[PDB]
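Heads up: the structure comes next, in structure tokens.
Both counts, for ligands and for their atoms, begin at 1 and track the order of listing. When a residue number appears, it is its place in the shown sequence, counting from 1.
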Amino acid sequence: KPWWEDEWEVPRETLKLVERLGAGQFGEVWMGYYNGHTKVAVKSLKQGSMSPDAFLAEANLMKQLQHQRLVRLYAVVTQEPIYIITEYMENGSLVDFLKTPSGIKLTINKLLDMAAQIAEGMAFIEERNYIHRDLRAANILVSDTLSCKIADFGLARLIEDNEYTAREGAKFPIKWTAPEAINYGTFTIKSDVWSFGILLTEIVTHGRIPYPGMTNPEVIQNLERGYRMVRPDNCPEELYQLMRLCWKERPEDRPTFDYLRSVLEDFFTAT
Ligand SMILES: CCSc1nc(-c2ccc(OC)c(OC)c2)cc2nccn12
């Protein structure tokens, strides 16, 4: 739909950018207000940094993926500089929040709760035939009520034939990415399941880097021998075995996200 008919388009004047939360190669993210009263996050495109078409494809995906557990598209401004305006998440990134005084005090019970909210969001994505491909604690946001949502849909893709195949050159973070995706560029929902397992280690260690003390080649080398990440300090064995299920050699032997949700809810109500 053209901008003059798109329900998501808003006049730039409705927005007041108050506090810059981040700045990078491709633009800025601000906390702001829509029509004076409603707090929003606003991502801006640095003109010439990258294609505006590529920038806006993120918002177009979000139009197709609406759910309580996913950060919600709020609006777009499709004239330069381009803004993607989204649901504001007051406690920021999960990776950051887990290190603050509040996040530090969380019981294993609340951690397992949050793990299950994240799985619930991914179960939606799974049911809708999408994949995320960038699933990790940096890409989970936390509300003021300590609930969690999936964010950053820039790499997310609709899958018709089960499989998305990236290009020869394309690079992905080694620690978080399923072997098949790193080796062949092939992604499925099961590649997200493997990433969820890594994300679980981030939850339980309060945002520490996976594979403590290992370089990328050491990780690759270890996985090929059949080793998986060493038991994080203070990880319940139950959760550790659930991470192992996510790290199964064959994609198709990895559990579904609805299963993960289910199990984690059981882990939560039992604690
Ligand atoms: C900047 C990454 S995107 C992003 N960050 C925060 C956020 C909230 C509180 C913070 O407190 C430190 C923070 O860190 C800069 C980020 C909130 C938020 N809502 C939607 C996207 N958001």
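- Among the candidates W194, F257, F153, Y164, the single residue satisfying the ring pair (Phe, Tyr, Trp, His ring centres under 6.0 Å) test with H132 is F153.
- Chaining together hydrophobic side chains whose heavy atoms lie under 4.5 Å apart places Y34 alongside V10, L15, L17, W30, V40, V42, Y74, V77, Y83, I85.
- Among residues at least two apart or in separate chains, salt bridge (charged side-chain N to carboxylate O under 4.0 Å, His left out) pairs with a member in residues 167-188 are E180-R254.
- Considering only residues two or more places apart in sequence or on other chains, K149 meets the side-chain hydrogen bond (donor to acceptor under 3.5 Å, both in side chains) condition with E87.
- Taking a heavy-atom cut-off of under 4.0 Å, ligand 1 is surrounded by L21, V29, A41, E87, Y88, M89, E90, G92, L141.
- Side-chain contact of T215 with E218: a donor-acceptor pair under 3.5 Å is present, judged by distance alone.
- The cationic atom of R136 (NZ for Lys, CZ for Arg) lies less than 6.0 Å from the six-membered ring centre of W176 and within 45° of the ring axis.
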